[PDB]
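Chains as they are written, first to last, in the authors' numbering: chain B, 2 to 67; chain A, 1 to 100. Think of the CB as a built atom: it goes at the ideal place given N, C-alpha and C, for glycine as much as any other residue.
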Amino acid sequence: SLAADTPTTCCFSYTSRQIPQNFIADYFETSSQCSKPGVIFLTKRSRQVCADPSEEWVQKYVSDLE
Amino acid sequence: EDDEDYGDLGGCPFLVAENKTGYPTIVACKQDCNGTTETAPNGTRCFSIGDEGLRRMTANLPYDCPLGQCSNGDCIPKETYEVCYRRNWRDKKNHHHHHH
Ligand code: NI
Ligand code: NI
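Written out as structure tokens, the structure is:
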């Protein structure tokens, strides 16, 4: 799109539910200098969504994106 | 199980600009994503440039960015500016240098 050429972001809160795994295309990690930790998931529809990296599903999904 | 069950996905990311050393500051005090809107906490540092302001910036060059604080979803200017930069995800990725 390319999603890698969109601006960096920070998260203030996180999605409330587990996103279906086959719907996730990529991920980005927000800066450690952001006020809170954050993983951004990019869905197949090009939506960027904040997620909490302390959550198990989040790490699993990050890992499975190789 | 926590917090919303089946409403909108939410988790609107806030676009940031960074200073030379990478410290980020949001460019809008409110973000919309699908049916959701989120406001940054009152008192948060912000640049009053907007998401479209940021998307207009050439990546990785310095701009003078007006600084404010958020108040009820709006960035209220102070009398100060900070040099800020648009970075994209590409600028943060992979590892093409190493040392032996
Ligand atoms: Ni090089
Ligand atoms: Ni070498």
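How about residue i and residue j: do their beta carbons lie closer than 8 Å?
i: A/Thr25; j: A/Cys84; result: yes
i: B/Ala4; j: B/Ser47; result: yes
i: A/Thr39; j: A/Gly73; result: yes
i: A/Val16; j: A/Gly53; result: no
Where does residue i land, buried or exposed, given buried means 16+ other C-beta within 10 angstroms?
i: A/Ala59; result: exposed
i: B/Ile41; result: buried
i: A/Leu61; result: exposed
Measuring alpha carbon to alpha carbon, tell me which residue in the options is nearest residue i.
i: A/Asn34; options: B/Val50, B/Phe42 and B/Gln34; result: B/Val50
i: A/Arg86; options: A/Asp3, A/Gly22, A/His98 and A/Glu1; result: A/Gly22
i: A/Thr44; options: B/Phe42, B/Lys37 and B/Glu56; result: B/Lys37
i: B/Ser33; options: B/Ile25, B/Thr44 and B/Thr9; result: B/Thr9
i: A/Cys75; options: A/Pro41, A/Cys46, A/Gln31 and A/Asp5; result: A/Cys46
Any idea what DSSP makes of residue i, helix, strand or coil?
i: A/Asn60; result: coil
i: A/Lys78; result: strand
Practice prompt. Pair every Cβ in the stretch 8-22 of chain A with every Cβ in the stretch 4-22 of chain B, then say whether three or more of these pairs are closer than 8 Å.
Written response: yes
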